[PDB]
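Presented as structure tokens, the chain that follows is alone, the form deposited without the DNA.
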């Protein structure tokens, strides 16, 4: 009945959704493993592909849509030379200091050519999977994912994202990113930044020339590590430690946005990565595990909402790893969309969150 009890009931509702998601993920993993084995046996530019087990499912914060999954296939590419396309770090061109020589447009790696060959090979090899009902969805223009359609008998879509892996040092645009020093610490930050980084094809949608061939940085591996190692204490949420409500707040906020986006197409510009980025900042601002005690679920959720509303008001939400990349810039999301979302969030906040019941 009370506000705090109603919020705990929403988490119970999300917990019940996880059984169907876990069962679908088992079917997805069977297909994905089968396909990866085929691509690893075939001789091609992609023989080295491996699954990167990242994203919301592997972070344990996939809260809905058991019929939709994303998987990332990483491919190590030695001797990558990056060129900033946007000097904020939002987009890069890939050049080389070559196994990928067939995909070059001049000196620039063509995502279009590379993805075309990736898709062609996936389609050939998926046709050889005989004991699962799986096909490749017809290509959609503007969608770089290669989408598998699995029938189990119900349809599950799996977006396969090709990611390049670079073992070089992280780009200079990330120099002041990952501001975890007061929370996870400087040794953790040093260790995380020695890991590879990833490049994911994404069209910049602007004054062209090399529109089509741009890539965005991806730190999905780092983000998974943070989600699963999120406490100032090493034992946070372990069997010999204390539970916190950090992930619960993320799930509630993701669900709030999902429910709002379902009702209002004015909110198309917003996505769950905005919520994830916001909570990364909130975990940096409030680093103590005691600031995320389970008994403070309601007040922690409310401070996350307040922080998100302030990001909307100031049209500023910096990418956690790329500080000059403003996800809420006027250029990327118009002012009226932010004011619309601010109005909806404030309504939910002051009226007991009726949209959770939808």
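Here, rigid core means the biggest group of C-alpha atoms that superpose within 1.5 Å across both forms. Positions refer to the first chain, counted from 1.
As for the form deposited with the DNA bound, it is not shown, yet the points below apply to it.
Contact with the DNA, judged by heavy atoms within 4.5 Å in the entry with it bound, is confined among 277-285, 116-124, 234-242, 88-96 to 234-242. The contact with the DNA in the entry with it bound, taken as any heavy atom within 4.5 Å, belongs to 187 out of 138, 151, 205, 187. Checked against the DNA in the entry with it bound, the residues 324, 303, 60, 34 give one hit for a heavy atom within 4.5 Å, which is 60. The candidate site formed by 17, 167 and 247 is fully in contact with the DNA in the entry with it bound, as each residue has a non-hydrogen atom within 4.5 angstroms of it. Contact annotation for residue 30: none of its heavy atoms lies within 4.5 Å of the DNA in the entry with it bound. Within this chain, residue 350 is remote from the site of the DNA in the entry with it bound, having no heavy atom within 4.5 Å. Heavy atoms of residue 261 never reach within 4.5 Å of the DNA in the entry with it bound, leaving it off the interface. The DNA in the entry with it bound is not approached by residue 254, whose heavy atoms all lie more than 4.5 angstroms from it. In the entry with it bound, not one residue of 278-296 has a heavy atom within 4.5 Å of the DNA. Following superposition on the rigid core between this form and the one not shown, the residue from 175, 262, 140, 234 with a C-alpha displacement of 2 angstroms or more is 140, and no other. When the rigid core is held fixed, the Cα atom of residue 162 travels less than 2 angstroms between this form and the one not shown. Comparing the forms between this form and the one not shown on their rigid core, the Cα displacement of residue 69 reaches 2 Å or more. Core-superposed comparison between this form and the one not shown: the Cα of residue 336 travels less than 2 Å. Three angstroms is the minimum change: in the entry with it bound, the CA atoms of residue 13 and residue 64 sit closer than in this structure, by 3 Å or more. In the entry with it bound, the CA atoms of residue 64 and residue 14 come closer by at least 3 angstroms compared with the shown structure.
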